[PDB]
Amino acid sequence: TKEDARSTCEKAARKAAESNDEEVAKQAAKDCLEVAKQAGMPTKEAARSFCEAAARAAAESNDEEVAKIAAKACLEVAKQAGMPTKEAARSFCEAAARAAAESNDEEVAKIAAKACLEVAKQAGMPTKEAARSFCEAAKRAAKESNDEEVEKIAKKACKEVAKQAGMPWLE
């Protein structure tokens, strides 16, 4: 079943984020893909859900290393699933921005920004596009919510990313 696969990929992502050893993350990815294969789920979508879950975890963890681990893990399952890295990184960043928007915490926002940009860095996506994806994802979430208190943390997140990437023109 696909829901099993998604669940497995998310759980695996969290388990990969919690651990600092990479082999654990690689194994987790391999398991995610295996169950995704058994469930008859496309590897791309599996790796996608894995990356989004990983970003979610790295966000909710509120630690700066879990960001890196989640990044490499996302890129790992991406490399494992034959998914493009730009895609992976974009999904990771967007999911990270959303989580950061949902947490409503500037710390988490900084973590998310750093994480996203780190994924981008390791992935080969420009810091600009990554930052832009992040910010725009935040603003998108804020707009979809149709609430200003969300637009606030969204703007804060954008500011954080702007500081991080070092290109003020974002926000």
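From 1 onward, residues are counted along the sequence shown.
For the pair 46 to 54 and 22 to 30, the mean Cα B-factor is higher in 22 to 30. Ranked against the other modelled residues of its chain, the C-alpha B-factor of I111 as given in the entry falls in the middle third. The PDB entry assigns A142 a C-alpha temperature factor belonging to the lowest third of its chain's modelled residues. In the deposited entry, the Cα temperature factor of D63 sits in the top third of values across the chain's modelled residues. The PDB entry assigns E118 a C-alpha temperature factor belonging to the lowest third of its chain's modelled residues. In the deposited entry, the Cα temperature factor of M125 sits in the bottom third of values across the chain's modelled residues.
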